[PDB]
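Here is the naming used below: chain letters follow the sequence lines, and residue numbers restart at 1 for every chain.
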Amino acid sequence: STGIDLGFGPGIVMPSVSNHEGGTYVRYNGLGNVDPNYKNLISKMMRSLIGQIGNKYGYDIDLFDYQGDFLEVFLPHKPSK
Amino acid sequence: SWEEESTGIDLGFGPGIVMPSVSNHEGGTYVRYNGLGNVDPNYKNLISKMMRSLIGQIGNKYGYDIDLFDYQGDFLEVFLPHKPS
């Protein structure tokens with residue numbers, strides 16, 4: 001097995017990236033058939049990672065997890081200061 | 001009809017908690033996520049691939065050569081360079 005299939009093929013992760021007035025959204029879908037304990041782990045890991053990157057470089061990167069089929073990361077165009 | 005317990009995976013910091021360990025070395029900050037030895041390896045690989053994709057998008061946008069170090073062991077490590085590309 002080349003790994004978990006989220007709907008894009010074995011082992012494939014394929015975000016959609018879109019440009020908005022205030023920043024860029026990076027959306028990861030296909031999370032509907034992820035184990036509930038690991039859906040939580042994925043969300044907590046991504047939240048920690050973007051907090052560390054934001055701490056280092058000064059951007060208010062944010063994560064939206066409405067407990068469904070997808071996660072979305074917001075990358076502001078401008079630094080916080 | 002069936003549903004399992006969803007209390008939270010414990011990586012060593014308490015159920016459901018993720019903690020980084022942060023250090024500074026040759027040209028950047030290293031962020032190490034320890035405690036992954038008992039994570040289902042199928043999900044560890046998915047998390048690694050999602051992290052690699054996300055740091056690629058972030059590094060492209062903001063102009064830093066952020067990288068991921070994965071040895072298929074009990075940690076994942078992200079490198080955040082001090083200076084832009």
Examine whether an atom of [X] lies under 4.5 Å from a heavy atom of chain A, and if so say whether it belongs to the side chain, the backbone or both; otherwise answer neither.
X: B:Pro81; result: both
X: B:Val39; result: both
X: B:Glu3; result: neither

ILVMFWY network linking [X] to [Y], side-chain heavy atoms under 4.5 angstrom:
X: B:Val22; Y: A:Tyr59; value: yes
X: B:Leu68; Y: A:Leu63; value: yes
X: A:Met46; Y: B:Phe13; value: yes
X: B:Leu11; Y: B:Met19; value: yes

Pair count under 4.5 Å, heavy atoms only, with chain A: among B:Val31, B:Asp40, B:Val78, B:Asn45, highest is B:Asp40
To the closest 0.5 Å, what do you measure between [atom1] ([X]) and [atom2] ([Y])?
X: B:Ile58; Y: A:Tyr57; atom1: CD1; atom2: OH; answer: 10.0 Å
X: A:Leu75; Y: B:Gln57; atom1: CG; atom2: CD; answer: 8.0 Å
X: B:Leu76; Y: A:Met45; atom1: CG; atom2: CE; answer: 6.5 Å
X: B:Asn42; Y: A:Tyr38; atom1: CG; atom2: OH; answer: 9.5 Å
X: A:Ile42; Y: B:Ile47; atom1: CD1; atom2: CD1; answer: 5.0 Å
X: B:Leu46; Y: A:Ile12; atom1: CG; atom2: CD1; answer: 11.0 Å

With a 6.0 Å cut-off (strictly less than), is the heavy-atom count around CG of A:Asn33, excluding the residue itself, greater than 12? no
Where is the tightest heavy-atom contact between B:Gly16 and A:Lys44, given as atom of each residue plus distance? O-NZ, 3.0 Å
For the candidates A:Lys56, A:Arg47, A:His77, which exhibits the highest count of non-hydrogen atom pairs separated by less than 4.5 Å from chain B? A:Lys56
Under a 4.5 Å cut-off applied to non-hydrogen side-chain atoms, are A:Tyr28 and B:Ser53 in contact? yes
How about A:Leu49 and B:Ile55: do any of their side-chain heavy atoms sit closer than 4.5 Å? yes
Relative to chain B, which segment of A:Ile4 carries a heavy atom at a distance below 4.5 Å: side chain, backbone, both, or neither? side chain
